[PDB]
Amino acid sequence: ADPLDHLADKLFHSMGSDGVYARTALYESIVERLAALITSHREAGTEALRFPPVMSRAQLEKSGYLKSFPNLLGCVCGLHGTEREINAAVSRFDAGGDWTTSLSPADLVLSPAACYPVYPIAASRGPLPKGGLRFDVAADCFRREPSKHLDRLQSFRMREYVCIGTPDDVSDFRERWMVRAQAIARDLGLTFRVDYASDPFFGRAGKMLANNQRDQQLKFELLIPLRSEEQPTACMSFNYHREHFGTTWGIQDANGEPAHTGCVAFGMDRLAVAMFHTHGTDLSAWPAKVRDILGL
């Protein structure tokens, strides 16, 4: 059985849906300390934005999310009909039928990653300054992948630092963060390795994108053994998008070329689970240095 399963009792309560859990005070206190630790490592000159759990469907479509991960997307739908129509849908439900046939799409989707809304915001400001722009973003994200594994959730918190600038601005940013993130993971007493990887692009066309991404080392992951040392869990990622989003959003660097972008992403729930898997569910029994690092 899954080594993580036994953690559930102290960390979560069931909400009647795989990958969607209520969080206990114990669990939340650690998510919060991890967030503050990440904040304490923020670089100077970084603009912090917090996003809600939904974003514009038009913006997500434009970002190319449908060509890449259509199977993971959560769209918002509602009952947009007349009073008569809505009442009938409710009455069908009372009579053993399906009220959801009266749903139609809203102009919103659940956010699949925290960075997406930042690109049009940056674009709206005109050409980037020399050195580019850096953002500290967070959102509750959603991916339609039900699982009973505690490290694979449908609704989860993502924290990211995003750099938008020249190729050199962005690649140096990513290298700074790859070193810094590993130092944080060591301070937290976590066991990990860093390997290159690829996003789960969908379909035949996706195997090619995944191959190129891996081959060009556009994505590193910090991997922590949770379920097994043979199938470790990615708890952070370090991503390089080249000019893909700079081109999509018409972002120009200080030299007048389409900007490059990259981000370092922290899976807050995976990291919290990793802390509890690694040091157990009694905080007073955590190593003193770990407690100190987290301000406990």
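In this text, rigid core is short for the largest set of C-alphas that superpose within 1.5 Å between two forms. Start at 1 and count along the sequence shown; that's the residue number.
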task: Find the stretch among 88 to 96 and 176 to 184 with the larger RMS C-alpha deviation in 9 other deposited structures of this protein, all structures being superposed on the shown form by the rigid core.
output: 88 to 96
- line: With the rigid core as the fit reference, the stretch showing the greater C-alpha departure in 9 other deposited structures of this protein, 135 to 143 or 77 to 85, is 77 to 85
- prompt: According to the deposited model, is the average Cα temperature factor higher in 69 to 77 or in 202 to 210?
  reply: 202 to 210
query: Of 221 to 229 and 115 to 123, which one has the bigger average CA B-factor?
result: 221 to 229
- request: Check the PDB entry and point out which of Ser171, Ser155, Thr82, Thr100 has the largest C-alpha temperature factor.
  value: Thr82
message: Among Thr247, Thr261, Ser29, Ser40, where is the Cα B factor highest in this entry?
response: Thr247
statement: Split the chain's modelled residues into thirds by Cα B-factor; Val90 lands in the middle
query: Where does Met268 sit by CA temperature factor within its chain: lowest, middle or highest third?
result: lowest
task: Determine, from the deposited record, the chain-internal third of the Cα B-factor for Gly19: lowest, middle or highest.
output: lowest
- line: So, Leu11's CA B-factor, relative to its chain, sits in which third? The middle
Chain third (lowest, middle, highest) by recorded CA B-factor, residue given as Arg193: highest
